DNA sequence: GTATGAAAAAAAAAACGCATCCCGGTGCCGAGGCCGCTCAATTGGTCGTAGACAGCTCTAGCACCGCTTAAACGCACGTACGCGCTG
Ligand SMILES: [Ca+2]
Ligand SMILES: [Ca+2]
Ligand SMILES: [Ca+2]
Ligand SMILES: [K+]
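Protein chains in written order, with the entry's author numbering: chain M, 13 to 118; chain O, 38 to 135; chain K, 37 to 135; chain N, 30 to 125; chain R, 30 to 125; chain L, 23 to 102; chain P, 23 to 102.
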């Protein structure tokens, strides 16, 4: 009889949990039933976006499994994810290969 | 005897470390430096090993970053060799220092 | 007869003059037209509290003044006295405004 | 009998198996992903909270979220997110 | 029928007349001071809010405020502030 | 059109003077207009976004103030 | 010496290499130690302040994570 | 300006050697997935009020107009700063 809100919204991300996290996070007096669905989705989308790119970076390193470095490479090479995570440090991420031209030999 | 020209190795080192993600400061000397600095704020303090590791990830990341910026300042002066005044400029512009 | 201050002597005077003062340095209307022009892109038939426009202008001038201070240092850091685009670009690249 | 630490890791797997069914993820990576979710959650919630506050409204609706998302995410990322959000709310209100 | 807009301006005057009884203040300056108060209020409240949240506590006490203030204000400014805060709470609890 | 030219050379000179700049490359005057535009674009976008969320057709000072706060360029004396 | 010397020349060289630095003035190695110290001072201070507020004697990862967020140097992969 | 040889600077060619990339090869541990327990989301009913909506009031934001004068524009001149080259 009873089914998860996540299922009704067609999401993986837990609409129920999010709705609670919102009430318990002193964000507002009352939380619209719409809010947590929408949020849950956005978080889901962004999660996918990153994973798609990291997953690519991993195939590009003959690895089955995504590691931090993959997540970094993905993020710093996508103009928009970089800008979103502009003030974020990714543990064990390393930096993009980049040697200033004038530093190379002739 | 065989001898690489000054800079040929530096470049190799650059490629090597940019490719990799392993922490570049020795884990103990850092841990001692953490506890040493924390004493100043409160004595008989304990640290989750994860807490120390986080501080180290943050530190290295920060510095690596500062160097990238410093390098540009050096180059901007038609140099290749970073110097203190390069760092100072980078921090002065970052709004880290007055 | 002729009188002519050497190149830079006035610039310096101007510096002292404007640092002393707080009056907005962009002409109020040309700015206001530029604001509405840019706001059209986001939504047409938009109205603005005069205070809203003034706030945007305070912010803008302040921002630029600031960017110039930083630019100036970059110029000097290169053993120059004349700011140039590449100076601004460096300042913004370091500020984390651009890549 | 250790104390239940909540985590998004099960939902990250499910989404990973959609986008690369033949690809896995190191615990460390999974850590980063958990941080990432919590970070952007707080970002959006925060900006939504203020939106409500600013407009003398007591309740955070999917409207506030959308506006937050438009403010926080860059162009393309915003468009997509908004769609997925609208889509999901539409789907839920119609499944009552 | 006007909006009845609250403001700290009367409390800024009172404090001004303490620290320089023979000086006044342009409306524009008074504006800046109002901004200043509201800004640092939000800063401290915010950091206090998180402090509570982080430590699984529902209530913001003068303890949370102190901690916020220690985190937010630089050295000397913090010392003074903390003192004045402690002093003031002490004085109020003792005046029943 | 292009009220961005309304941001006259001498006005930019003035701003850079208050920045303690002594000598200004000709190229800078266009460079600055571009930067200024990018600024206003980013700030106004947000301001308007707040306007739209309030279902208003009139951008308030507060809309701009709230917008600048987001951009980390807080402004005092317009009702912060 | 103490532990700030534990941040060896070669280790700084290594960091600056990952920064894409080719040539390093001798003066830099002390300069960096000083900056590094200033960093840890500012971050740890806050971390401990969170520790103290929790009435704990043991600095947690989260203490550091929350601290770095305040300093505008957010860290991913240690929770929160 | 046709022909000159003498070095100087650059360019190519042929060899000595270190580093880096590929492999296939072996063992270790964490990624992955299953199982049972549980408490956190779901359900279905009651209650309180936030806020959406229409009707009204008047703020202040828009447009227009002409006058004065400050600022913008242009042009001319000549200096001193950028910038390349050298030791
Ligand atoms: Ca790219
Ligand atoms: Ca093999
Ligand atoms: Ca229900
Ligand atoms: K009005």
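The C-beta atom is built at its ideal place from N, Cα and C for all residues, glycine as well.
For residue 71/L, a Cβ of chain N is located within less than 8 Å of the residue's own Cβ. Between the beta-carbon of residue 49/N and that of residue 63/M there is about 7 Å, and that keeps the pair under the 8 Å contact cut. Burial state of residue 44/P is buried, judged by a 10 Å Cβ sphere holding 16 or more other Cβ atoms. Secondary structure note for residue 94/R: its alpha helix (DSSP H) is the uninterrupted segment 91–101. Within the same chain, 34 come within 6 Å of residue 54/L by CB-CB distance, once the 5 residues on both sides are set aside. Under the Cβ criterion of 8 Å, residue 112/M is not counted among the residues facing chain N. Residue contact check for residue 100/N against chain M: no CB pair falls below 8 Å.
Per the coordinates, the alpha-carbon of residue 123/R lies some 27 Å from the alpha-carbon of residue 66/R. In its chain, beyond the 5 residues on either side, 91 have a beta carbon closer than 6 Å to the beta carbon of residue 118/R.
In this structure, residue 67/R has its CB at a distance of at least 7 Å from all heavy atoms of ligand 1.
Annotated three-state conformation of residue 83/K is strand, per DSSP.
For a Cβ distance threshold of 7 Å, nothing in chain N lies close to residue 83/L: the least Cβ distance comes to about 13 Å. Between ligand 1 and the CB of residue 89/M, the shortest heavy atom gap is smaller than 7 Å. Within 10 angstroms of the beta-carbon of residue 114/M lie fewer than 16 other beta-carbons, which makes it exposed. For residue 85/P and residue 85/R, the gap between their C-alpha atoms comes out near 14 Å.
The way I'd put it, the region 71–91 of chain P does touch the region 75–85 of chain O; three or more beta-carbon pairs between them come closer than 8 Å. Per DSSP, the continuous beta strand (DSSP E) segment holding residue 102/M begins and ends at 100–102. Within chain P, the C-beta atoms nearer than 7 Å to that of residue 80/R come from 75, in chain order. In the three-state DSSP reduction, residue 43/M falls in the strand class (E or B). Residue 98/P: member of the beta strand (DSSP E) spanning 96–98, first to last residue. Within 7 Å of the C-beta of residue 80/L there is at least one heavy atom belonging to ligand 4. Ranking 101/N, 93/N, 111/N and 37/N by CA distance to the CA of residue 76/L puts 93/N first.
The shortest CA-to-CA distance from residue 114/N to any of 30/M, 42/M, 46/M and 34/M is the one to 46/M. With its beta carbon less than 8 Å from one in chain R, residue 98/L belongs to the interface.
Under the three-state reduction of DSSP, residue 75/R is assigned to helix.
Scanning its chain for C-beta atoms nearer than 7 Å, with the 5 sequence neighbours on each side dropped, one finds around residue 48/M the residues 27, 30, 31 and 34, in chain order. Closer than 8 Å at the C-beta level to chain O, one finds these residues of the region 95–121 of chain K: 106, 109, 110, 113, 114 and 115.
In this structure, residue 38/R lies away from residue 99/L, with their beta-carbon atoms at least 8 Å apart. Secondary structure at residue 60/P: helix, using DSSP grouped into helix, strand and coil. In chain order, 92, 95 and 96 make up the part of chain M whose C-beta sits under 7 Å from the C-beta of residue 103/N.
Ranked by Cα distance from residue 21/M, the first of 14/M, 53/M and 106/M is 53/M. Excluding five sequence positions before and after residue 120/O, the CB atoms of its chain that fall closer than 8 Å to its own CB belong to 111, given in chain order. Using a CB distance cut-off of 8 Å, residue 94/P does not count as an interface residue toward chain N. The beta carbons of residue 107/O and residue 124/O sit closer together than 8 Å. Residue burial is scored here from C-beta neighbours: residue 80/M has at least 16 other C-beta atoms within 10 angstroms and is therefore classed as buried.
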